[PDB]
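Report on one structure; see the data block that follows.
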Amino acid sequence: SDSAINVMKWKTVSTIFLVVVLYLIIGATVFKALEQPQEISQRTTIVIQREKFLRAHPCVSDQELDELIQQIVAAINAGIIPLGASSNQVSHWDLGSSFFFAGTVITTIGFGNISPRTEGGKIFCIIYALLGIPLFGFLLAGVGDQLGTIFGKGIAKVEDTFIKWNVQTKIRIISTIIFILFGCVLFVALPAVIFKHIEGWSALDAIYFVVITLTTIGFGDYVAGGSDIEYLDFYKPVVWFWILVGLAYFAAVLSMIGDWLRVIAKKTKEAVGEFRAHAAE
Amino acid sequence: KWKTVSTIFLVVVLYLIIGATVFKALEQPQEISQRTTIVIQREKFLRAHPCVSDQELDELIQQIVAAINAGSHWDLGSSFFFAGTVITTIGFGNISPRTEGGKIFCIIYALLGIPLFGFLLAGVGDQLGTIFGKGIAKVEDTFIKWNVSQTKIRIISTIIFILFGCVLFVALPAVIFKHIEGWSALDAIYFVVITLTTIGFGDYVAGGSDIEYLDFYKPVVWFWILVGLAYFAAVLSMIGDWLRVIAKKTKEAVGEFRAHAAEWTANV
Ligand SMILES: CCCCCCCCCCCCCCCC
Ligand SMILES: CCCCCCCCCCCC
Ligand SMILES: CCCCCCCCCCCC
Ligand SMILES: CCCCCCCCCC
Ligand SMILES: CCCCCCCC
Ligand SMILES: CCCCCCCC
Ligand SMILES: CCCCCCCC
Ligand SMILES: [K+]
Ligand SMILES: [K+]
Ligand SMILES: [K+]
Ligand SMILES: [K+]
Ligand SMILES: [K+]
Ligand SMILES: [K+]
């Protein structure tokens with residue numbers, strides 16, 4: 001009873017582990033099947049642009065070119081505009097950017113477009129995160145509570161007008177759809193349409209960014225406050241504000257998918273029992 | 001009835017404002033020195049090589065700027081590790097999908113893989129939670145019958161979680177990273193924090209800088225991540241409870257003061 005269920009626990013964990021391993025193997029085989037074709041073509045067309053510049057300029061230091069490229073690669077890790085023209089650059093750590101950077105830290109999005117290179121900044125970031133991450137979780141919980149109860153008001157009016165004859169257990173389906181329906185409008189679609197017309201992104205690049213942002217994965221390959229274009233500055237505030245509330249939306253969405261995985265686990269759990277039982281033994 | 005959210009919001013805003021002012025105070029000094037020493041290293045290359053001209057350098061820079069979009073990537077092992085960055089929401093970003101299908105798959109792979117990982121991390125966190133429960137049962141006998149009372153023992157037993165934990169999940173993997181990737185002292189601890197906090201800037205990655213590492217190394221990293229995430233998950237939530245107490249202690253301390261201030265105020 002005390003450590004007898006602990007055996008029933010460890011058997012549950014190991015089985016999850018392998019489902020995750022398989023899922024990482026499946027995802028692996030899919031991604032390289034999707035990216036390796038465009039990898040090689042970019043890998044092979046960059047050696048041609050090497051030989052095109054090695055040979056056309058014999059007087060350049062033929063092998064010290066990679067020495068230069070590595071220094072530009074080292075410059076890439078900083079915020080740079082290394083050009084003949086445009087010798088006055090912009091601050092990547094300005095009064096507004098460091099504010100947005102702190103938002104990447106406590107939310108654990110961490111786009112990485114701007115990362116600290118100072119040993120003091122590194123240590124502060126460590127202390128700023130370890131105390132700021134729990135701080136934000138309480139704000140996100142409070143906002144998630146507000147949205148949870150804001151939606152509770154808006155669904156109360158919707159769960160009475162649909163009360164015809166022969167309607168509670170099958171109304172919980174239609175009311176969770178309007179959460180997704182309205183939800184992916186205000187927190188995915190509408191901010192994606194805005195990003196498309198402000199950052200110049202494509203259709204998918206906007207939705208891809210919203211997902212990567214609000215899933216707090218944050219690759220940083222797309223960031224709303226990365227480039228220099230115009231940035232009204234009525235724009236950088238509403239972004240992290242959107243993030244604050246949008247995170248609360250996916251927090252439910254991801255957890256709803258989680259419960260959808262609970263059921264499908266059980267339903268395949270019993271269906272494997274059905275199948276191994278019957279079918280002419 | 002009462003909100004209590006708005007008050008937290010402003011504490012977070014001020015914390016983001018203070019953190020902002022600190023970060024640029026820490027980085028903008030080294031921002032200038034690196035931006036001024038790149039302009040010198042650019043004239044150093046125009047002057048030392050009359051071979052290359054003003055117009056031909058900027059053509060090269062834009063090609064490397066075009067290479068920023070790309071840079072063996074996405075091999076049989078790398079895409080496996082990349083999927084680990086997605087479901088754990090670490091997302092180092094050193095390797096990101098450039099294909100329309102890869103982006104769409106990644107969206108679907110995340111929306112369904114993030115909850116999937118949540119249950120595995122919960123199961124491992126359960127094991128560590130009960131593995132540690134065995135380790136403290138022996139610690140809560142041998143010197144607890146002796147002088148100190150047990151409400152004051154809840155202090156010493158939570159220290160051994162932090163003390164022995166930041167050894168196995170921060171220090172020891174950082175010492176290994178220091179001697180395998182050649183990182184410095186802080187760069188190892190900085191990576192462990194950024195990794196296990198799920199922030200994952202990607203400025204340091206155990207799978208990148210690909211010259212020197214073996215096939216006995218890339219498995220153990222994600223394995224360490226799986227268990228180390230469960231460790232910070234508690235650590236961050238414990239710090240959360242520290243704040244939840246300190247809030248309530250300053251909560252009532254302001255009441256104590258606003259009591260006497262207004263209590264004398266009425267008496268005038
Ligand atoms: C233009 C981008 C659209 C991307 C939308 C992705 C929607 C996901 C649909 C996946 C359908 C599979 C359902 C399997 C149920 C477990
Ligand atoms: C010898 C260099 C060791 C660097 C370790 C600094 C870590 C600071 C963490 C602060 C936590 C309170
Ligand atoms: C009146 C309620 C204010 C809540 C106080 C929380 C502030 C915690 C600061 C911790 C700094 C290390
Ligand atoms: C009462 C409903 C408030 C909805 C706010 C919508 C926020 C959109 C953020 C972009
Ligand atoms: C969620 C689908 C997982 C497929 C593996 C099934 C093993 C019983
Ligand atoms: C970072 C410390 C903030 C303290 C705020 C106290 C508000 C009563
Ligand atoms: C390992 C460092 C913990 C220090 C805690 C300080 C609490 C006042
Ligand atoms: K992240
Ligand atoms: K990142
Ligand atoms: K990230
Ligand atoms: K990068
Ligand atoms: K995260
Ligand atoms: K997290």
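Residues are named by chain letter and number: chains run A, B, ... in the order of the structure tokens, numbers start at 1 in each chain, and ligands are numbered from 1 in the order shown.
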Produce a table with one row for each residue of chain A that has an atom at most 12 Å from any atom of ligand 6, each row naming the nearest atom pair and its distance in Å at one decimal; use only C-alpha atoms and all ligand atoms; arrange rows by chain and rising residue number; format as CSV.
```
residue,atom,partner,partner_atom_place_in_ligand_line,distance
A:128,CA,ligand 6,1 (C),10.7
A:131,CA,ligand 6,1 (C),10.0
A:132,CA,ligand 6,1 (C),9.8
A:135,CA,ligand 6,1 (C),10.2
```
Write the selection just made, keeping C-alpha atoms, as a PDB file, in the first residue's frame?
```
ATOM      1  CA  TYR A 128      17.218  38.073 -12.086  1.00  0.00           C
ATOM      2  CA  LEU A 131      13.831  35.299  -8.548  1.00  0.00           C
ATOM      3  CA  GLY A 132      11.947  36.774 -11.514  1.00  0.00           C
ATOM      4  CA  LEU A 135       7.527  36.277  -9.620  1.00  0.00           C
TER       5      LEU A 135
END
```
Legend entry - Protein and nucleic residues near ligand 11, 7 Å, only C-alpha atoms and all ligand atoms, as a PyMOL selection string: (chain A and resi 77+112-113) or (chain B and resi 93-94+202-203)
I need the residues from that last selection saved to file as a PDB file, in the first residue's frame (with N, CA, C and O atoms), if you can.
```pdb
ATOM      1  N   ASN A  77      27.118  37.422 -33.083  1.00  0.00           N
ATOM      2  CA  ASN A  77      26.676  37.196 -31.711  1.00  0.00           C
ATOM      3  C   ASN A  77      26.448  38.491 -30.944  1.00  0.00           C
ATOM      4  O   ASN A  77      25.857  38.451 -29.860  1.00  0.00           O
ATOM      5  N   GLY A 112      16.731  35.083 -27.202  1.00  0.00           N
ATOM      6  CA  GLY A 112      18.155  34.989 -27.432  1.00  0.00           C
ATOM      7  C   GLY A 112      18.704  35.942 -28.468  1.00  0.00           C
ATOM      8  O   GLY A 112      19.927  35.983 -28.661  1.00  0.00           O
ATOM      9  N   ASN A 113      17.844  36.702 -29.151  1.00  0.00           N
ATOM     10  CA  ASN A 113      18.308  37.733 -30.073  1.00  0.00           C
ATOM     11  C   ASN A 113      19.243  38.727 -29.396  1.00  0.00           C
ATOM     12  O   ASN A 113      20.146  39.271 -30.041  1.00  0.00           O
TER      13      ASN A 113
ATOM     14  N   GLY B  93      17.302  27.537 -30.205  1.00  0.00           N
ATOM     15  CA  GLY B  93      17.246  28.332 -31.412  1.00  0.00           C
ATOM     16  C   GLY B  93      18.488  28.289 -32.273  1.00  0.00           C
ATOM     17  O   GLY B  93      18.477  28.862 -33.371  1.00  0.00           O
ATOM     18  N   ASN B  94      19.562  27.643 -31.811  1.00  0.00           N
ATOM     19  CA  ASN B  94      20.733  27.427 -32.652  1.00  0.00           C
ATOM     20  C   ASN B  94      20.377  26.705 -33.946  1.00  0.00           C
ATOM     21  O   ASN B  94      21.051  26.886 -34.966  1.00  0.00           O
ATOM     22  N   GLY B 202      20.297  30.041 -25.961  1.00  0.00           N
ATOM     23  CA  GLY B 202      21.061  29.420 -27.016  1.00  0.00           C
ATOM     24  C   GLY B 202      22.436  30.008 -27.238  1.00  0.00           C
ATOM     25  O   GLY B 202      23.168  29.512 -28.102  1.00  0.00           O
ATOM     26  N   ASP B 203      22.810  31.053 -26.491  1.00  0.00           N
ATOM     27  CA  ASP B 203      24.169  31.572 -26.587  1.00  0.00           C
ATOM     28  C   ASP B 203      25.198  30.548 -26.130  1.00  0.00           C
ATOM     29  O   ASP B 203      26.368  30.643 -26.511  1.00  0.00           O
TER      30      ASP B 203
END
```
Inset, instruction - Would you please work out which residue, of B:201, B:223, B:183, B:257, is nearest to chain A when using only C-alpha atoms? - result: B:201
When the cut-off is 12 Å and you count only C-alpha atoms and all ligand atoms, which residues lie near ligand 13, shown as a PDB file with C-alpha atoms, in the first residue's frame?
```pdb
ATOM      1  CA  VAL A 105      13.851  36.222 -18.945  1.00  0.00           C
ATOM      2  CA  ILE A 106      11.060  36.003 -16.369  1.00  0.00           C
ATOM      3  CA  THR A 107       8.591  34.519 -18.866  1.00  0.00           C
ATOM      4  CA  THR A 108      11.264  31.953 -19.874  1.00  0.00           C
ATOM      5  CA  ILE A 109      10.627  32.738 -23.535  1.00  0.00           C
ATOM      6  CA  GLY A 110      14.248  33.812 -23.983  1.00  0.00           C
ATOM      7  CA  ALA A 129      15.769  34.839 -13.496  1.00  0.00           C
ATOM      8  CA  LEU A 130      15.824  32.618 -10.394  1.00  0.00           C
ATOM      9  CA  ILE A 133      10.685  33.496 -12.979  1.00  0.00           C
ATOM     10  CA  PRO A 134       8.650  32.645  -9.835  1.00  0.00           C
ATOM     11  CA  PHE A 136       6.080  36.152 -13.134  1.00  0.00           C
ATOM     12  CA  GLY A 137       4.320  32.829 -12.561  1.00  0.00           C
ATOM     13  CA  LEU A 140       0.515  34.903 -15.050  1.00  0.00           C
ATOM     14  CA  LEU A 214       3.132  31.797 -26.476  1.00  0.00           C
ATOM     15  CA  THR A 215       4.346  28.188 -26.201  1.00  0.00           C
ATOM     16  CA  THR A 216       7.282  29.827 -24.370  1.00  0.00           C
ATOM     17  CA  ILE A 217       9.630  27.969 -26.699  1.00  0.00           C
ATOM     18  CA  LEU A 247       0.641  32.956 -22.419  1.00  0.00           C
ATOM     19  CA  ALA A 251      -1.439  27.745 -20.631  1.00  0.00           C
TER      20      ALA A 251
ATOM     21  CA  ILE B  87       8.667  19.722 -26.232  1.00  0.00           C
ATOM     22  CA  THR B  88      10.630  20.967 -23.206  1.00  0.00           C
ATOM     23  CA  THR B  89      10.119  24.570 -24.434  1.00  0.00           C
ATOM     24  CA  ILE B  90      13.833  25.223 -23.964  1.00  0.00           C
ATOM     25  CA  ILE B 114       4.633  20.120 -24.976  1.00  0.00           C
ATOM     26  CA  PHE B 117       6.569  16.034 -22.108  1.00  0.00           C
ATOM     27  CA  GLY B 118       4.622  17.563 -19.215  1.00  0.00           C
ATOM     28  CA  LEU B 121       8.491  15.495 -16.392  1.00  0.00           C
ATOM     29  CA  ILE B 194      19.559  29.051 -18.695  1.00  0.00           C
ATOM     30  CA  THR B 195      18.999  25.401 -19.653  1.00  0.00           C
ATOM     31  CA  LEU B 196      17.029  24.155 -16.663  1.00  0.00           C
ATOM     32  CA  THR B 197      15.079  27.404 -16.194  1.00  0.00           C
ATOM     33  CA  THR B 198      13.682  26.598 -19.697  1.00  0.00           C
ATOM     34  CA  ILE B 199      14.789  30.067 -20.846  1.00  0.00           C
ATOM     35  CA  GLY B 200      17.352  28.665 -23.290  1.00  0.00           C
ATOM     36  CA  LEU B 229      14.195  20.396 -15.162  1.00  0.00           C
ATOM     37  CA  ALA B 230      12.274  18.574 -12.429  1.00  0.00           C
ATOM     38  CA  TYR B 231      14.804  19.926  -9.927  1.00  0.00           C
ATOM     39  CA  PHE B 232      14.439  23.597 -10.888  1.00  0.00           C
ATOM     40  CA  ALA B 233      10.680  23.054 -11.193  1.00  0.00           C
ATOM     41  CA  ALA B 234      10.710  22.522  -7.431  1.00  0.00           C
ATOM     42  CA  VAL B 235      13.456  25.114  -6.839  1.00  0.00           C
ATOM     43  CA  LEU B 236      11.593  27.841  -8.720  1.00  0.00           C
ATOM     44  CA  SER B 237       8.359  26.929  -6.939  1.00  0.00           C
TER      45      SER B 237
END
```
Legend entry - Exercise: residue 31 of chain B partners within 12 Å, only C-alpha atoms, chain neighbours under 6 positions left out, as an NGL selection string: (:A and (75 or 77-80 or 89-94 or 114-118 or 121)) or (:B and (23-25 or 37-38))
Legend entry - Residue among A:220, A:271, A:2, A:266 lying closest to ligand 10, counting only C-alpha atoms and all ligand atoms: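 Distance minimum relative to ligand 10 lands on A:220.
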Inset, instruction - Around ligand 3, at most 12 Å away and counting only C-alpha atoms and all ligand atoms, which residues are there? Put them as a PyMOL selection string, please. - result: (chain A and resi 127-132+134-136+138-139) or (chain B and resi 4-15+18-19+239-255+258)
Inset, instruction - Enumerate residues in contact with ligand 7: an atom-to-atom distance of at most 9 Å, counting only C-alpha atoms and all ligand atoms. Format the result as an NGL selection string. - result: :B and (159 or 162-163 or 166)
Kindly export the residues of the current selection with N, CA and C atoms, as a short mmCIF file (atom, residue, chain, number, x, y, z; two decimals), in the first residue's frame.
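So again21.cif came out as:
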```cif
data_model
loop_
_atom_site.label_atom_id
_atom_site.label_comp_id
_atom_site.auth_asym_id
_atom_site.auth_seq_id
_atom_site.Cartn_x
_atom_site.Cartn_y
_atom_site.Cartn_z
N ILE B 159 17.38 22.72 3.36
CA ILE B 159 18.71 23.13 2.93
C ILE B 159 19.42 21.98 2.23
N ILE B 162 18.50 21.82 -1.33
CA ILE B 162 19.21 22.81 -2.14
C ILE B 162 20.70 22.46 -2.21
N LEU B 163 21.31 22.18 -1.06
CA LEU B 163 22.74 21.94 -1.00
C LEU B 163 23.13 20.74 -1.86
N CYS B 166 21.89 21.33 -5.89
CA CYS B 166 22.76 22.15 -6.74
C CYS B 166 24.15 21.56 -6.90
#
```
Per-residue nearest contacts chain B to ligand 2, cut-off 12 Å, using only C-alpha atoms and all ligand atoms, as a Markdown table:
```
| residue | atom | partner | partner_atom_place_in_ligand_line | distance |
| --- | --- | --- | --- | --- |
| B:166 | CA | ligand 2 | 11 (C) | 10.9 |
| B:170 | CA | ligand 2 | 7 (C) | 10.7 |
| B:171 | CA | ligand 2 | 5 (C) | 9.9 |
| B:174 | CA | ligand 2 | 5 (C) | 10.7 |
| B:175 | CA | ligand 2 | 3 (C) | 11.0 |
| B:178 | CA | ligand 2 | 2 (C) | 11.7 |
| B:183 | CA | ligand 2 | 2 (C) | 11.8 |
| B:184 | CA | ligand 2 | 2 (C) | 8.3 |
| B:185 | CA | ligand 2 | 2 (C) | 5.2 |
| B:186 | CA | ligand 2 | 4 (C) | 4.6 |
| B:187 | CA | ligand 2 | 4 (C) | 8.4 |
| B:188 | CA | ligand 2 | 4 (C) | 8.9 |
| B:189 | CA | ligand 2 | 5 (C) | 6.9 |
| B:190 | CA | ligand 2 | 7 (C) | 8.0 |
| B:191 | CA | ligand 2 | 7 (C) | 11.4 |
| B:192 | CA | ligand 2 | 7 (C) | 11.2 |
| B:193 | CA | ligand 2 | 9 (C) | 9.8 |
```
Legend entry - Expected selection as a PyMOL selection string for ligand 1 within 12 Å, only C-alpha atoms and all ligand atoms: (chain A and resi 184+188-189+192+202-211+257-258+260-261+263-265) or (chain B and resi 100-113)
How would the residues just picked look written out with C-alpha atoms as a PDB file, in the first residue's frame?
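And here's part14.pdb as it stands now:
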```pdb
ATOM      1  CA  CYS A 184      -7.399  31.634 -31.503  1.00  0.00           C
ATOM      2  CA  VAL A 188      -3.357  34.093 -32.408  1.00  0.00           C
ATOM      3  CA  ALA A 189      -5.106  35.396 -35.521  1.00  0.00           C
ATOM      4  CA  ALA A 192      -0.626  37.574 -36.319  1.00  0.00           C
ATOM      5  CA  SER A 202       4.363  36.211 -44.383  1.00  0.00           C
ATOM      6  CA  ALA A 203       1.146  34.423 -43.423  1.00  0.00           C
ATOM      7  CA  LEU A 204       2.732  31.378 -41.783  1.00  0.00           C
ATOM      8  CA  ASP A 205       5.608  33.373 -40.266  1.00  0.00           C
ATOM      9  CA  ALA A 206       3.091  35.307 -38.163  1.00  0.00           C
ATOM     10  CA  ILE A 207       1.253  32.250 -36.821  1.00  0.00           C
ATOM     11  CA  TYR A 208       4.570  30.423 -36.400  1.00  0.00           C
ATOM     12  CA  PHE A 209       5.839  33.331 -34.296  1.00  0.00           C
ATOM     13  CA  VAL A 210       2.695  33.479 -32.140  1.00  0.00           C
ATOM     14  CA  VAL A 211       2.901  29.747 -31.390  1.00  0.00           C
ATOM     15  CA  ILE A 257      -4.455  19.156 -24.976  1.00  0.00           C
ATOM     16  CA  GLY A 258      -2.890  17.496 -21.938  1.00  0.00           C
ATOM     17  CA  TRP A 260      -7.136  15.215 -24.252  1.00  0.00           C
ATOM     18  CA  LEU A 261      -3.983  13.096 -23.962  1.00  0.00           C
ATOM     19  CA  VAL A 263      -8.370  10.383 -22.240  1.00  0.00           C
ATOM     20  CA  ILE A 264      -6.742   9.101 -25.442  1.00  0.00           C
ATOM     21  CA  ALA A 265      -4.188   7.337 -23.239  1.00  0.00           C
TER      22      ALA A 265
ATOM     23  CA  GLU B 100       7.244  25.879 -44.565  1.00  0.00           C
ATOM     24  CA  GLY B 101       6.491  22.240 -43.790  1.00  0.00           C
ATOM     25  CA  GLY B 102       9.053  22.213 -40.994  1.00  0.00           C
ATOM     26  CA  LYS B 103       7.446  25.292 -39.449  1.00  0.00           C
ATOM     27  CA  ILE B 104       3.949  23.788 -39.662  1.00  0.00           C
ATOM     28  CA  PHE B 105       5.144  20.434 -38.333  1.00  0.00           C
ATOM     29  CA  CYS B 106       6.990  22.213 -35.514  1.00  0.00           C
ATOM     30  CA  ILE B 107       3.765  24.040 -34.619  1.00  0.00           C
ATOM     31  CA  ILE B 108       1.868  20.745 -34.499  1.00  0.00           C
ATOM     32  CA  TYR B 109       4.847  18.944 -32.952  1.00  0.00           C
ATOM     33  CA  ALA B 110       4.944  21.526 -30.148  1.00  0.00           C
ATOM     34  CA  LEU B 111       1.213  21.891 -29.452  1.00  0.00           C
ATOM     35  CA  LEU B 112       1.010  18.116 -28.958  1.00  0.00           C
ATOM     36  CA  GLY B 113       4.556  17.471 -27.710  1.00  0.00           C
TER      37      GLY B 113
END
```
Inset, instruction - Name each residue within 10 Å of ligand 4, counting only C-alpha atoms and all ligand atoms, as an NGL selection string. - result: :A and (146-147 or 149-151 or 153-154 or 183 or 185-192 or 194 or 238-246)
Legend entry - Option closest in space to chain A, from B:221, B:176, B:145, B:238 [counting only C-alpha atoms]: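 When distances to chain A are compared using only C-alpha atoms, the smallest one comes from B:238.
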Inset, instruction - Give me the residues within 10 Å of residue 155 of chain A as a PyMOL selection string, counting only C-alpha atoms and dropping any in the same chain fewer than 5 places off. - result: chain A and resi 149-150+160+175-176+178-179
Legend entry - Residue nearest ligand 8 among B:72, B:55, B:130, B:85 (counting only C-alpha atoms and all ligand atoms):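 Closest to ligand 8, using only C-alpha atoms and all ligand atoms: B:85.
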Legend entry - Pick from A:235, A:223, A:95, A:269 nearest to ligand 10, counting only C-alpha atoms and all ligand atoms: A:223
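Picture a line from atom CA of residue 36 of chain B to atom CA of residue 57 of chain B; it runs 18.4 Å.
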Inset, instruction - Could you tell me which of B:179, B:1, B:49, B:218 comes closest to chain A if we count only C-alpha atoms? - result: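 Among B:179, B:1, B:49, B:218, it is B:49 that comes nearest to chain A.
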Legend entry - atom CA of residue 168 of chain B to atom CA of residue 146 of chain B, straight-line distance in Å: 29.1 Å
Legend entry - Atomic separation - atom CA of residue 259 of chain A relative to atom CA of residue 10 of chain A, Å: 20.8 Å
